[PDB]
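Participant: starting from these lines, generate the structure:
(one chain, ligands or ions: 2)
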Amino acid sequence: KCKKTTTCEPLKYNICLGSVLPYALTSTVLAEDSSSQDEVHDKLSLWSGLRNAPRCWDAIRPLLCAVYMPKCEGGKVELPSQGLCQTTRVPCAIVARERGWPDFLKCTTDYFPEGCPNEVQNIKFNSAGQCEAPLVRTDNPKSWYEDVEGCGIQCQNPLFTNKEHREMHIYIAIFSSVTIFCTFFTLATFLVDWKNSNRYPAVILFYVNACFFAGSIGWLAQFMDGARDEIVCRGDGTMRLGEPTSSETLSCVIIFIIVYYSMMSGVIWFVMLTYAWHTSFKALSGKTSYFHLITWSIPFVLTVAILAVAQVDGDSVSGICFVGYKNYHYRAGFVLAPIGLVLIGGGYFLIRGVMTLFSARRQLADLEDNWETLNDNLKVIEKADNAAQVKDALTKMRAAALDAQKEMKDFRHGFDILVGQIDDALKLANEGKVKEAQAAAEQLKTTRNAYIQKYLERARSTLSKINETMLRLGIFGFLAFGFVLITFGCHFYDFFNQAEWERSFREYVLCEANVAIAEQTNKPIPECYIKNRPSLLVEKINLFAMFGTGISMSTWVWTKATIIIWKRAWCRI
Ligand SMILES: CC1=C2C[C@H]3[C@@H](CC=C4C[C@@H](O)CC[C@@]43C)[C@@H]2CC[C@]12O[C@@H]1C[C@H](C)CN[C@H]1[C@H]2C
Ligand SMILES: CC1=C2C[C@H]3[C@@H](CC=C4C[C@@H](O)CC[C@@]43C)[C@@H]2CC[C@]12O[C@@H]1C[C@H](C)CN[C@H]1[C@H]2C
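Facilitator: Numbering: from 1, shown residues only. Ligands and ions are numbered 1, 2, ... in the order given. Have a look at this structure:
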């Protein structure tokens, strides 16, 4: 009979000599020189050396597959046919001459029964129609998926359909457009007033938006008539992976360089921003030429390193080329690490900045507290009947003014005068003279205005400036940290389940490989699908995060003080 009784075990390799196996279970019983599938793969590695003789190889492939890796299903293995074995004798006669034939490969009808249907005869090792979606026939051996011959891994992302591609593309369209013109607004502002806006750290924002403009450009590049497929796909319609490979158009690596470099410089400029703020608070342009070198060296070195390991991959959904898609331990290395370090540094100099801020914020408030005391005490003194209230309030005034006394010598002199006059009024009030002290408090009023009000209203305005700065730092801090937290979350999710998505994808590929033969042989065909895939909402979130940062830094230039600056250049008469 065409069937043999043995125990079916799973394939350790789902490929037979560059051809995908349409079945899932096999048996090592027919390979009489083998006992395990390791041995089988070894023997096939020995038979591999025959590939230098294509004339024989063509005819011996199917036999070798039907023998060493046969279909096992429900305790049965189908034995190869006599007709199949006879097609090996004539051309592979070389095997017979140099070392002879193995006894289990000799065409004795007990090993090869006559007229037996074989699953292998259906399989084509010249992949004319063998290549099955999500795979496409390419005859370039640099695009061949794993060990499969003639088949390449298709260009468009096989985890999301076109219905989702259009979606994400219009999403990225809108967002990146908002960013590309917001950053242009912010550039134009600091550019038209290049003479008056070129200061540090106000030019650091300009540099940030410059970077995030350059990047959004590369993000928009994929929307031209046929540019997307030029960036993402190879010449043979198979997605660009491990770029830059030899003899491929640099239409990918250029976009990668843009999107990555602009991004990284764009986030190191954050650290430079926080430092510049801190040192601005601590009091200059001595280190202003050294920030540059850092913010341009580090992204360069990183990008060059990525190009050195050649781990640029192409995504059709995003429509760009970026680091560490295929191998996700590179994305964590070149994206998550620099961003995290940026978060740490920028956060450090932020809190240092608000310490440098907090220390004065209390001082000015204390001065305001003393002035708050003086006025209300004068309010009580000027309008009182009992001469105990006058004594009391005068003492309190003395305490406050004394506490406030603790170009500068003039300021202290004023409070000398105030304390003195207050003590005079104290002497007057102690003796029970109510209205004499009350009248001697108007002296305190006019003196308060004359000698003290200057330095006070001088330091009255700063509490608005300082609080505004404090709250805008309150914006930037809890904004940037939120963005970093979110993008770290997304990247960590993908980082987490990319170990599973590849499993599911592979199983799916094998399934469709089964479907291929299952259809053109009038055999029952099983439905194939992806068990699990990346969430599109997560990618939505990440994009929203980075573009949201790109927009929020362009929002900074949005002031009413800016709007009028535009008029000066061309208002004329
Ligand atoms: C590759 C090769 C062969 C390896 C095959 C053998 C047929 C049977 C088996 C049994 C199986 O258990 C292990 C594999 C082995 C040995 C076949 C004969 C032809 C050739 O050996 C020649 C040696 C010669 C020096 C050069 N040319 C070499 C090749 C054409
Ligand atoms: C398709 C695919 C992927 C699409 C995913 C990517 C992780 C991150 C993103 C970013 C996100 O914005 C869009 C989706 C995208 C591009 C993931 C990497 C693994 C894989 O590429 C592998 C090639 C490999 C040879 C076989 N296995 C293939 C697939 C598991």
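
Participant: C-alpha only now, for contacts and for neighbours.
Facilitator: Fine.

Participant: which residues in the stretch 1-150 of the chain form helices?
Facilitator: All helices of the stretch 1-150 of the chain, identified by DSSP state H, counting those that start in this stretch, fall at 37-47, 54-68, 82-89, 93-98.

Participant: show me the contacts for residue 388.
Facilitator: Contacts here follow CA atoms under 8 Å, 6 or more residues apart in numbering; on that basis residue 388 touches residue 429.

Participant: name the SS class of it, please.
Facilitator: Secondary structure, DSSP: H, G, I helix; E, B strand; the rest coil: residue 388 is helix.

Participant: excluding chain neighbours, what is closest to the closest residue to ligand 1 within the stretch 151-300 of the chain?
Facilitator: The nearest approach of the stretch 151-300 of the chain to ligand 1 comes at residue 151, 25.7 Å away (CA to the nearest ligand atom). In space, and not counting its chain neighbours, residue 151 is closest to residue 137: 4.5 Å by CA to CA, 6 or more residues apart in numbering.

Participant: want to throw the helices of the stretch 1-150 of the chain into a markdown table with distance to ligand 2 and mean neighbour count?
Facilitator: Output for the helices of the stretch 1-150 of the chain, formatted as a markdown table (distance: least, CA to the nearest ligand atom, whole Å; neighbours: other CA atoms under 10 Å):
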| stretch | distance to ligand 2 | mean neighbour count |
| --- | --- | --- |
| helix 37-47 | 22 | 15 |
| helix 54-68 | 25 | 20 |
| helix 82-89 | 34 | 19 |
| helix 93-98 | 36 | 12 |
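
Participant: now these as TSV including distance to residue 231?
Facilitator: Output for the helices of the stretch 1-150 of the chain, formatted as TSV (distance: least, CA to CA, whole Å):
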stretch	distance to residue 231
helix 37-47	38
helix 54-68	36
helix 82-89	46
helix 93-98	48
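
Participant: of these, which is nearest residue 351?
Facilitator: helix 37-47 (60.2 Å; CA to CA).

Participant: by contact count, what packs against the closest one?
Facilitator: Judged by 3 or more CA pairs under 8 Å, 6 or more residues apart in numbering; DSSP states H and E, helix 37-47 is in contact with helix 54-68.

Participant: run through the residues of the stretch 251-400 of the chain sitting next to ligand 2.
Facilitator: Taking CA under 6 Å from any ligand atom, the part of the stretch 251-400 of the chain that reaches ligand 2 is made up of 315, 317-318, 325-326.

Participant: for those, which one is nearest residue 167?
Facilitator: Set against residue 167, the nearest of these by CA to CA is residue 317 (9.1 Å).

Participant: please tell me how far the residue lying closest to residue 316 once chain neighbours are set aside sits from ligand 2.
Facilitator: Counting by CA to CA, 6+ apart, residue 156 is the residue found nearest to residue 316 once chain neighbours are left out, at 5.5 Å. Plainly put, residue 156 is 9 Å away from ligand 2 if you go by CA to the nearest ligand atom, to the nearest Å.

Participant: residue 155 and residue 240 touch, don't they?
Facilitator: Yes: using CA atoms under 8 Å, residue 155 makes contact with residue 240 at a distance of 7.4 Å.

Participant: picking up where we left off before, which residues touch the residue of the stretch 151-300 of the chain closest to ligand 1?
Facilitator: Counting by CA under 8 Å, 6+ apart, residue 151 makes contact with 127, 130-131, 135-139, 143-145.

Participant: would you point out the most distant pair within the residues you listed?
Facilitator: Based on CA to CA, the longest span within those runs between 130 and 143 and measures 15.8 Å.

Participant: comparing those two, which residue is more hemmed in?
Facilitator: Neighbour count, other CA atoms under 10 Å: between residue 130 and residue 143, residue 143 has more, with 25 against 21.

Participant: what distance do you get for the more buried one to residue 135?
Facilitator: Here residue 143 is placed at a distance of 11 Å from residue 135 (CA to CA, to the nearest Å).

Participant: mutual contacts of those two, please.
Facilitator: 151-153.

Participant: what about those, which are in strands?
Facilitator: 151-153 (DSSP state E).

Participant: quick check, nearest of the residues you listed to ligand 2?
Facilitator: Using CA to the nearest ligand atom, residue 153 comes nearest to ligand 2 of those, at 7.1 Å.

Participant: nearest residue to the closest one other than its sequence neighbours?
Facilitator: Nearest residue to residue 153, sequence neighbours excluded (CA to CA, 6+ apart): residue 135, at 4.8 Å.

Participant: repeat that for residue 178.
Facilitator: Sequence neighbours aside, residue 551 is the residue nearest to residue 178 in space, at 7.5 Å (criterion: CA to CA, 6+ apart).

Participant: got the contact list for that neighbour?
Facilitator: 178-179, 182-183.

Participant: so which of these is the most crowded?
Facilitator: Ranked by the number of neighbours (other CA under 10 Å), the contacts of residue 551 place residue 183 first, at 28 neighbours.

Participant: the host helix or strand of that residue and ligand 2 in contact?
Facilitator: With secondary structure defined by DSSP states H and E, residue 183 is part of helix 162-192. No: Helix 162-192 lies apart from ligand 2 when judged by CA under 6 Å from any ligand atom; the minimum separation is 9.2 Å.

Participant: what are the buried residues along that helix?
Facilitator: 165, 168-169, 171-173, 175-180, 182-187, 189-190 (16 or more other CA atoms under 10 Å).

Participant: also stretch 411-423?
Facilitator: Neighbour counts using 16+ other CA under 10 Å place 412, 414-416, 418-419, 421-423 of stretch 411-423 among the buried residues.
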